[PDB]
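Heads up, the thing below is written out as structure tokens.
Bear in mind that the values in this text are calculations on the coordinates, not laboratory data. Backbone-built Cβ (ideal geometry, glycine too); neighbour counts: all protein chains shown.
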Ligand SMILES: CC(/C=C/C=C(C)/C=C/[C@@]12O[C@]1(C)C[C@@H](O)CC2(C)C)=C\C=C\C=C(C)\C=C\C=C(C)\C=C\[C@@]12O[C@]1(C)C[C@@H](O)CC2(C)C
Ligand SMILES: CC(/C=C/C=C(C)/C=C/[C@@]12O[C@]1(C)C[C@@H](O)CC2(C)C)=C\C=C\C=C(C)\C=C\C=C(C)\C=C\[C@@]12O[C@]1(C)C[C@@H](O)CC2(C)C
């Protein structure tokens, strides 16, 4: 029932058995009650997918030699015409904000109208163009792998935010510096993350 | 745990409302407070929170003063707020009101758990039912007791007695901190080193305060 | 002296400031804050006092020896009615609407003619 | 305690408490707002 | 039952315990909703205040957001009337206020008439033939031409969910407009500028930092700084 | 049984009377280890304090003895942090502090999880597969990678003799590091220098001469 277990030998969770991607966890007992646990499941999958999109939007523009991710939305301050993948979209920040608000409002309104809890978790159909998870065991394995990569991308996005709050240097340059100088380039060397070095 | 228990004064009659069930019940009550069960519950909760805050503050003061005497650049426990908001990114006004906003939730949850026991643990706060339920009057438990050595009743009683005794000791320690910092204008660790350096001379009678000197003869 | 000036206060022939009491005239010359706003505030507070006293009079009469409650005040009840009087005009006009604010002339102690 | 509380619940004691409360409120208002006459925000 | 509790561990009022009206949380500490007709009038007044608050907050934020973004050039809400009344084609302030008062007098008189007698505005032949759908389905929910898209013609569970969403966004909007007035009086700037100030510098731009909101805290701040 | 008495003629505590563990001498005037769970916690804490004190006294004495023999140029322990922070390959103090904190937090978390439930780290596949051999045979003595050369599968008498030797040398190391701290706070020199001065002049190398140790004794010393 448990894919894994952090801190092996911990107290077993009688309320987290059939959950996909379950590594026991929750020492704060936040997963009690079925409705709250289901709502937290929806929040966890949605936040993992949004962390996927954020990590994609960071790393794809970082490794393509187009700039960092902090200066990417700064053109609204500058007013210079944006560029995406060399397609050179002429849209304006007022129109962009309006269409984004309308589109995400109607999309999340449609998502909130899922009736069934499992359909709110994984609807399929139009959202599954090929559907490799037709097999139930393959479905469970894909759900576990999606949750694992989502948690890893969540940690990556939090690291992006913290690193770019500490220093303006890009995270791929941070990885290069940690490879070149591990013991002389880390969060303790900045002195801002932890006071008193 | 009652009846023939050590009291605040040997031979004094213990109060009727102080049967010895509470932790640290030495039958000490000259003013006959906490006679009513609700007043007793309020006094127990107030003593527990004052004890916890006193122990936390005295431990922080002692750690900062010990580090300052060792060589770390730490200010004295008195007037530490001045240099604190001189170097704080958060100025005064915003910091104290942010602290009040952060404290209001915990304080009102404590108050309405004291008034209504077990009412907080009903899924109202982020869907928590088993947790956030007060095990005793002033002893909530739950997520505030992550490791469960309070599950045993005798161990829980001994922990309660130890906690209330160390709390009263820290109350007197904080009062002593205030008094001998107003008297000597030095750190409590400085007073300790002065007392263990010349015990026969350095005391509460040679500071020029506490005992007044008028004739000087 | 600086605050009395540049605040709409006016004085006649003696330097002692004068207050305009007629509404409308005080509204079109920015003198409403002299007496118009304070009189409304005092009416609000006086209605608070009256509503709290009425609530304590009514709520301490359906019990044995109401004079004992009158002479020895129920402090938690008094404080509860104190903190529940913030909406005195709403409750007052609602009691007027349902007729419980006023007593009929048949249950009222009356002097002989 | 409850007998002393009912003594404090008597009318002169609660009237005294109201007197100190109202007097202190008005005095602190007058002290921190020195001599106002007209409501001007 | 009840949607939630505004104050956990506190006893709910008796009139609010078994009540099933949407947007209920037991928040009657002053016990004003004890009477049923008074509760109905309070619910209708809350609906009206909330709806006009949502309209006002939208008209403050969305044009304000577009102006701070740069596409729009409409003024901020706290001076828009003054600059508009200075226009060369401006309708006079008295004329606009009188027309607003007359139109709102007609509308609120119709609302009063359908409140004091429910469904009484459907009297035949009283408003150009189109008075048939001018009836009150519920307290504060007339329907008909007020619901031309037919979104309210849904199962009662979804209708109750929509009512809960309406009253919650409404209460948020009244709190938001109270904030608009309050920290316009405090900061003297637009709400979008205040949001940008709080985002850029959260600690230094706080309601306790300025002395307008909390008088005397600034004196304590300079006392501690000295 | 018991390995002896800390004080002959003194009555053994009831919880220390009929127990079975290494290094038992009845030394508990305060009866702190009355609770068996508290006794296990105190035993584990004493074991880890003794082990880190053994490492401390080893790194203080053996490089110090090599320095006194002229083989090495290792400085004293009370300035070695300042020596390393000023070196050419000076890793910053913060980086080393956080690395040590993270590694020791992981180690202490694993040890605490093994202490709360004995043998609970032997669940299959949690830690690279080999964690099935991480089961703690005794509280504080897991074995396995901790003893790869194989001195644990000996006779039980040999096992308790080795445990008693470990406890005795550990307690000696703890009092040795307490002496190192006291001698640095009073004499201000290295422990090897103190030992050399005690060998050269036993009477002059005494803490009675130092006024930091016994205040007022030097007053009597110069009074005569
Ligand atoms: C922090 C966070 C959640 C944290 C949750 C925590 C700690 C949970 C706590 C607990 O588990 C613990 C610890 C232990 C348990 O005892 C208790 C619980 C309670 C179980 C979510 C953030 C979630 C954050 C999210 C989703 C952020 C998404 C951001 C996006 C998409 C941004 C877009 C852009 O990045 C692009 C794409 C390209 C760029 O150029 C431009 C921009 C605009 C910057
Ligand atoms: C002693 C004390 C109370 C004593 C009460 C007594 C004797 C009461 C006696 C009686 O009731 C009995 C028994 C029985 C009754 O019949 C009779 C009476 C007579 C009524 C409380 C102290 C209570 C003391 C407390 C709670 C201390 C808290 C300390 C904190 C929070 C410290 C915070 C700091 O801010 C500082 C101050 C300065 C910064 O430099 C550092 C930091 C850490 C920031």
Search result, residues across the range C:62-95 that are more than 14 Å from chain E (Cβ to nearest Cβ) and closer than 30 Å to residue E:40 by Cα: C:62, C:78
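Consider residue E:169 carefully, then state whether it is in a helix (DSSP H, G or I) and under 25 Å from residue E:39 (Cβ atoms).
yes
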Suppose the filter is over 30 Å from residue C:83 (Cβ atoms), in contact with a helix residue (DSSP H, G or I) (Cβ under 8 Å, 6 or more places away or on another chain) and surrounded by 13 or more Cβ atoms within 10 Å (Cβ to Cβ); does residue C:27 pass it? no
Please verify whether residue B:127 is more than 15 Å from ligand 2 (Cβ to nearest atom), away from chain A (no Cβ under 14 Å), closer than 29 Å to residue A:36 by Cβ and part of a loop (DSSP other than H, G, I, E, B), treating the condition exactly as stated. no
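Any idea which residue in the range A:70-98 is nearest to residue A:168 (Cα to Cα), counting only those that are outside any loop (DSSP other than H, G, I, E, B) and more than 16 Å from ligand 1 (Cβ to nearest atom)?
First pass over the range A:70-98, keeping only residues outside any loop (DSSP other than H, G, I, E, B): A:72-78, A:93-98.
Now narrow it down to the ones that are more than 16 Å from ligand 1 (Cβ to nearest atom): A:94-95, A:98.
Numbers: A:94: 28, A:95: 30, A:98: 30 Å.
Filtering first and then ranking leaves A:94.
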For the structure I just gave you, tell me whether residue A:7 is away from ligand 2 (no atom under 16 Å from the Cβ) and over 30 Å from residue F:124 (Cβ atoms). no
Can you list residue pairs whose Cβ atoms sit under 6 Å apart, with the first residue in the range C:7-23 being loosely packed, with under 11 Cβ neighbours inside 10 Å and the second being outside any loop (DSSP other than H, G, I, E, B)? Count only pairs 6 or more apart in sequence or on different chains. C:12/C:18
Taking the range B:45-64 and keeping residues more than 7 Å from ligand 2 (Cβ to nearest atom), touching a residue at least 24 places away in the same chain (Cβ under 8 Å) and within 22 Å of residue B:34 (Cβ to Cβ) leaves B:45, B:47, B:48, B:49, B:51, B:52, B:55
Identify, by number, the condition in (1) out of contact with any helix residue (DSSP H, G or I) (no Cβ under 9 Å at 6 or more places or on another chain); (2) over 30 Å from residue F:139 (Cα atoms); (3) crowded, with 16+ Cβ neighbours inside 10 Å that residue F:76 doesn't meet. (1)
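To keep it simple, each residue is scored yes or no on (1) away from chain F (no Cβ under 14 Å); (2) surrounded by fewer than 16 Cβ atoms within 10 Å (Cβ to Cβ); (3) away from ligand 2 (no atom under 16 Å from the Cβ); (4) in a loop (DSSP other than H, G, I, E, B).
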{"site": "A:138", "(1), (2), (3), (4)": "yes, yes, yes, no"}
{"site": "A:148", "(1), (2), (3), (4)": "yes, yes, yes, no"}
{"site": "A:168", "(1), (2), (3), (4)": "yes, yes, yes, yes"}
{"site": "A:182", "(1), (2), (3), (4)": "no, yes, yes, yes"}
{"site": "A:195", "(1), (2), (3), (4)": "no, yes, yes, yes"}
Pairs with Cβ under 6 Å, 6+ apart, first in the range A:52-76 and within 14 Å of another protein chain (Cβ to nearest Cβ), second in a helix (DSSP H, G or I) and within 16 Å of ligand 2 (Cβ to nearest atom): none
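Test of understanding: among D:17, D:24, which residue is surrounded by 12 or more Cβ atoms within 10 Å (Cβ to Cβ) and either within 16 Å of the chain's Cα centre (by Cα) or part of a strand (DSSP E or B) (or both)?
Numbers: D:24 fails: surrounded by 12 or more Cβ atoms within 10 Å (Cβ to Cβ).
None of the other options fit; the residue is D:17.
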Consider residue A:102 against the criteria (1) touching a helix residue (DSSP H, G or I) at 6+ places or on another chain (Cβ under 9 Å); (2) assigned to a helix (DSSP H, G or I); (3) away from ligand 1 (no atom under 16 Å from the Cβ); (4) within 14 Å of chain E (Cβ to nearest Cβ): it satisfies all of them except one. Which criterion is unmet? (1)
Go through the range F:145-165 and count every residue that is out of contact with any helix residue (DSSP H, G or I) (no Cβ under 8 Å at 6 or more places or on another chain) and assigned to a loop (DSSP other than H, G, I, E, B). 7
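Suppose the filter is more than 27 Å from residue B:117 (Cα to Cα), touching a residue at least 40 places away in the same chain (Cβ under 8 Å) and away from chain B (no Cβ under 14 Å); does residue E:38 pass it?
Numbers: more than 27 Å from residue B:117 (Cα to Cα): yes; touching a residue at least 40 places away in the same chain (Cβ under 8 Å): no; away from chain B (no Cβ under 14 Å): yes.
No: the conditions fail for residue E:38.
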Here are the criteria: (1) within 11 Å of ligand 2 (Cβ to nearest atom); (2) away from chain D (no Cβ under 14 Å); (3) assigned to a loop (DSSP other than H, G, I, E, B). Tell me which single one residue B:18 does not satisfy. (2)
Working carefully through the options B:34, B:88, B:12, B:65, find the one that is away from ligand 1 (no atom under 16 Å from the Cβ), away from chain E (no Cβ under 14 Å) and surrounded by fewer than 17 Cβ atoms within 10 Å (Cβ to Cβ). B:12
Would you mind telling me which numbered condition in (1) farther than 27 Å from residue A:8 by Cβ; (2) near ligand 1 (Cβ under 8 Å from one of its atoms); (3) exposed (fewer than 14 other Cβ atoms within 10 Å of the Cβ) residue A:49 fails? (2)
Of all residues in the range E:52-66, which are more than 10 Å from every other protein chain (Cβ to nearest Cβ) and either buried (at least 17 other Cβ atoms within 10 Å of the Cβ) or touching a strand residue (DSSP E or B) at 6+ places or on another chain (Cβ under 8 Å) (or both)? E:53, E:54, E:57, E:60, E:61, E:63, E:64
May I ask you to verify whether residue B:67 is in a loop (DSSP other than H, G, I, E, B) and more than 12 Å from ligand 2 (Cβ to nearest atom)? no
Those residues that are touching a helix residue (DSSP H, G or I) at 6+ places or on another chain (Cβ under 9 Å) and either over 29 Å from residue F:186 (Cβ atoms) or more than 13 Å from every other protein chain (Cβ to nearest Cβ) (or both), I need them from the range F:82-116; list them, please. F:90, F:91, F:92, F:94, F:95, F:96, F:98, F:99, F:108, F:111, F:115
Before we move on, is residue D:14 closer than 30 Å to residue C:18 by Cβ, within 12 Å of chain C (Cβ to nearest Cβ) and in contact with a helix residue (DSSP H, G or I) (Cβ under 8 Å, 6 or more places away or on another chain)? no
Would you please name the residue that is nearest to the other protein chains (Cβ to nearest Cβ), looking only at residues in the range B:70-85 that are under 25 Å from residue B:167 (Cα atoms) and in a helix (DSSP H, G or I)? B:81
So how many residues does the range E:184-226 have that are under 15 Å from residue B:93 (Cβ atoms) and in a helix (DSSP H, G or I)? 12
